[PDB]
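Structure, as structure tokens:
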Amino acid sequence: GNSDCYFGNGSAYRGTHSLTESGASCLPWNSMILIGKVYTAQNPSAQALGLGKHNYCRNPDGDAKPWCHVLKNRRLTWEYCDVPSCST
Ligand SMILES: [Cl-]
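Numbering follows my numbering, in which position 70 of the sequence shown is assigned residue number 76; successive positions increment by one, without gaps.
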């Protein structure tokens, strides 16, 4: 149940993992709940960053590993994603 993984900090990762470490599902990068935020789909570099009309894990800001925005009990926060490192 793992079958792609990310190299380095996952900045080049473009798979379809959409769950965080707590088992919550990612919000879409084009969600209306994210108006105000920098790392959405309306970012001018969304294209290059892989932020689009989807809720797949991305690392567009140079963080540790792929992450996404989530809701933890109706609160908007973000979280690292459950993608295995290719180094395990
Ligand atoms: Cl952001």
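Cβ atoms here follow ideal geometry from the backbone N, Cα and C, with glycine treated the same way.
Pull up the distance between the alpha-carbon of residue i and that of residue j, whole angstroms please.
| i | j | result |
| --- | --- | --- |
| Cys11 | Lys71 | 11 Å |
| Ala30 | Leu77 | 8 Å |
| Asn79 | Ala54 | 31 Å |
| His60 | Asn36 | 7 Å |
| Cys92 | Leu40 | 30 Å |
| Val89 | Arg64 | 10 Å |
| residue 1 | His75 | This structure does not reach residue 1, given that the chain is present from 7 up to 94, and the question cannot be answered. |
| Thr26 | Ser51 | 23 Å |
| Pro34 | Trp84 | 12 Å |
For the beta strand (DSSP E) that contains residue i, what are its first and last residues?
| i | result |
| --- | --- |
| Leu77 | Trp73 to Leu77 |
| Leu82 | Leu82 to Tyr86 |
What is the DSSP secondary structure of residue i, counted as helix, strand or coil?
| i | result |
| --- | --- |
| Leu33 | coil |
| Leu25 | strand |
Over the uninterrupted alpha helix (DSSP H) stretch that includes residue i, give me the two end residues.
| i | result |
| --- | --- |
| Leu55 | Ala52 to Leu55 |
Give the residues whose C-beta lies closer than 5 Å to at least one heavy atom of ligand 1, in chain order.
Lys43, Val44 and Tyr45
Could you say if the segment 40-50 and the segment 19-29 meet the contact criterion of at least three C-beta pairs nearer than 8 Å?
no
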